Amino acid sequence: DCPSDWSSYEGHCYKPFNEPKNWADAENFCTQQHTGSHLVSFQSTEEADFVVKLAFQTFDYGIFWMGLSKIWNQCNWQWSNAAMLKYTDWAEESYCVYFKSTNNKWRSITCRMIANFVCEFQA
């Protein structure tokens, strides 16, 4: 039971957008599309297959953001020689997760990249 422009699956509502936005803008955008809306989240393979089939069927081949950002920013980064980490020269600041409308495998990419996305919310 979702708005006409959205697609349902297991009590949830999903909608793909092809307006090229980076991760942060994508998420924020999803929140104003409906109450409780966010970038899509996957709790199972069936759900992932569903969203992929949906994204591909709508906009064909492309890359779509997932609701995961700054995936390694909080990891325990350490020098193998035990040097303390003070100097820094990261090529990319944060990495976010995306998926190709071709398959359900999770992929990595800098969060400042531009991509499509899918929004979701509980019906």
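Heads up: residue numbers just count along the shown sequence, starting at 1.
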Task: Stretch with the higher entry mean CA B-factor, where the candidates are 98 to 106 and 21 to 29 - done: 98 to 106
TODO: Please work out which residue in 65, 61, 72, 79 has the highest C-alpha B-factor recorded for this crystal structure.
DONE: 61
TODO: Have a look at 41, 88, 57, 35 and flag the one whose Cα has the highest B-factor in the entry.
DONE: 57
Task: Third assignment of residue 15 from its chain's C-alpha B-factors - done: lowest
